[PDB]
Amino acid sequence: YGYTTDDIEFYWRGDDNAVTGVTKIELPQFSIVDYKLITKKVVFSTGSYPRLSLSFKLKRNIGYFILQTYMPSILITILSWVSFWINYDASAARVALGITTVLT
Amino acid sequence: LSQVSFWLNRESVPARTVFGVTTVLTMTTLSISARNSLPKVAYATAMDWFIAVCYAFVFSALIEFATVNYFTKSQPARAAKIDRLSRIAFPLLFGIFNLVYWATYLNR
Ligand SMILES: *[C@@H]1O[C@H](CO)[C@@H](O[C@@H]2O[C@H](CO)[C@@H](O[C@@H]3O[C@H](CO)[C@@H](O)[C@H](O)[C@@H]3O)[C@H](O)[C@H]2NC(C)=O)[C@H](O)[C@H]1NC(C)=O
């Protein structure tokens, strides 16, 4: 915060092994794909300051969403198709199928 | 409730359609709520399997109605036979599934 590059320097101790425990992290909705260590300098009106950056790549797991939103939608669409086999003279049944599926 | 509709008269197309549609939509609502009960795990739970099988049974009941209706006034003995056989093949199969399911999971 207060010390510029004339007062303080930052570096990763190990420079690639400085961060441990990334492979031992279990997220319920995500998977860590990659992590990166960066060493740079930033500039504000008050001077230039050292900065380190630790970044993670997170890929989302889609199983929960297969079970939550996709499969109900596929099933409601197939339910909608069920009406094509009812005879076309039956109006109330086909209207019930169509209206229920559309509004759902 | 979805199997109750096997005892209705097949001339009552709107009624059995109401049965099938309402039961499958109720199963969808129940599945959504139950999957909203617990955290967002990417795998399926035992309750998810029970719900999927119950949904399959309900949808199969609706499909049986569709088949019966497709075979009415074109081959009536066949639709009568299908209704009569379903009236005993659905509840027995669901009882057997419940037995196997609870035996598998309540032993663990
Ligand atoms: C996540 O996002 C960050 C932020 O963009 C990514 O960090 C970026 O990484 C690249 C390559 O590692 C950096 O570019 C490099 O810059 C150096 C500067 O000396 C240059 O010599 C190299 O040739 C290369 O161009 C980039 O600076 C860096 N971004 C920032 C803002 O510093 C990161 O890669 C992303 N992914 C992961 C898994 O972290």
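Residues numbered from 1 in each chain as written, not as in the entry; some residues may be left out. Chains lettered and ligands numbered in written order. Part of a larger assembly, values for the part shown. Heavy atoms only, no water.

Enquirer: Is there a simple way to think about the site of the ligand in this case?
Expert: Residues and elements named next belong to chain A. Taken together, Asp-34, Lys-36, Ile-38, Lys-40, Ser-55 and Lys-57 make up the full set of residues near the ligand. In the environment of the ligand, an oxygen atom lies 2.4 Å from a nitrogen or oxygen atom belonging to the side chain of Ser-55. Within the complex, 32% of the 740 Å² of free accessible area of the ligand lies under protein. Ranked by residue count, the leading element in the shell around the ligand is strand 1 (residues 30-44), at four residues. (Near = heavy atom within 4 Å. Polar contact = N/O pair within 3.5 Å; in protein donor to acceptor, adjacent residues only side chain to side chain. Areas by Shrake-Rupley, 256 points an atom, 1.4 Å probe, with all protein chains shown as cover. Helix = DSSP H or I, 4+ residues; strand = E, 2+ residues; numbered from the N terminus.)

Enquirer: So what exactly am I meant to see when it comes to the nonpolar core here?
Expert: Within soluble globular proteins, side chains that are nonpolar generally end up buried alongside one another. Counting residues in each nonpolar core, the largest one holds 23 residues, and the members touching the most others are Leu-79 and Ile-86 of chain A together with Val-13, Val-24, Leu-25, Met-27 and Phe-59 of chain B. For this core, the elements supplying multiple residues, two or more each, are helix 1 (63-81) and helix 2 (91-103) of chain A together with helix 1 (13-37), helix 2 (46-70) and helix 3 (76-107) of chain B. No other element matches the eight residues that helix 2 of chain B contributes to this core. With sequence-adjacent residues up to four places away left out, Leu-25 of chain B is seen in contact with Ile-76, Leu-79, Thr-100 and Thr-104 of chain A. (Core = buried A, V, L, I, M, F, W, Y, C linked by side-chain atoms within 4.5 Å. Buried < 20%, exposed > 50% of the residue type's maximum accessible area, 1.4 Å probe, protein only. Contact = heavy atoms within 4.5 Å.)

Enquirer: Mind showing me how you'd approach the environment of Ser-86 of chain B here?
Expert: Residue and element names in this part refer to chain B. Along the chain, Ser-86 falls in helix 3. Relative accessible area serves as the criterion here: at 7%, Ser-86 is assigned to the buried category. When sequence neighbours within four positions are dropped, the list of residues in contact with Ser-86 reads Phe-6, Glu-64 and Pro-91.

Enquirer: Help me understand the interface of chain B and chain A in this model?
Expert: Often the size quoted for an interface is simply the accessible area lost on bringing the parts together. Each partner contributes to the interface: chain B provides 22 residues, whereas chain A provides 23 residues. Of the roughly 1,900 Å² buried between chain B and chain A, counting both surfaces, carbon and sulfur atoms make up 75%. At the surface where chain B touches chain A, the tally comes to zero salt bridges. Where chain B packs against chain A, one counts zero residue pairs in polar contact. Contributing elements (two or more residues each) for the side of chain B that touches chain A: helix 1 and helix 2 of chain B. Examining the composition of the side of chain B that touches chain A, we find that 10 residues originate from one element, helix 1 of chain B, more than from any other. Of the residues belonging to the side of chain B that touches chain A, the class tally is 15 nonpolar, four polar and three charged. (Buried area = accessible area lost by both parts, 1.4 Å probe. Salt bridge = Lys/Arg side-chain N within 4 Å of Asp/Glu carboxyl O. Nonpolar A, V, L, I, M, F, W, Y, C, P; charged D, E, K, R; others polar.)

Enquirer: Is there a simple way to explain the pattern of salt bridges in this structure?
Expert: Any two side chains of opposite charge can pair, so long as their charged atoms come close to each other. Residues and elements named next belong to chain B. Under the criterion given, the structure shown has five salt bridges over all chains. As a salt-bridge pair, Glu-11 and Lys-73 come within 3.9 Å of each other at their nearest N and O atoms. One end of the pair, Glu-11, is in the segment before helix 1; the other, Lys-73, is in the loop between helix 2 and helix 3, and 62 residues separate them in sequence. The class of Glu-11 is partly exposed, set by a relative accessible area of 49%. Accessibility expressed as a relative area gives 66% for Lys-73, which makes it exposed.

Interpretation in functional terms is not warranted from these geometric data alone.
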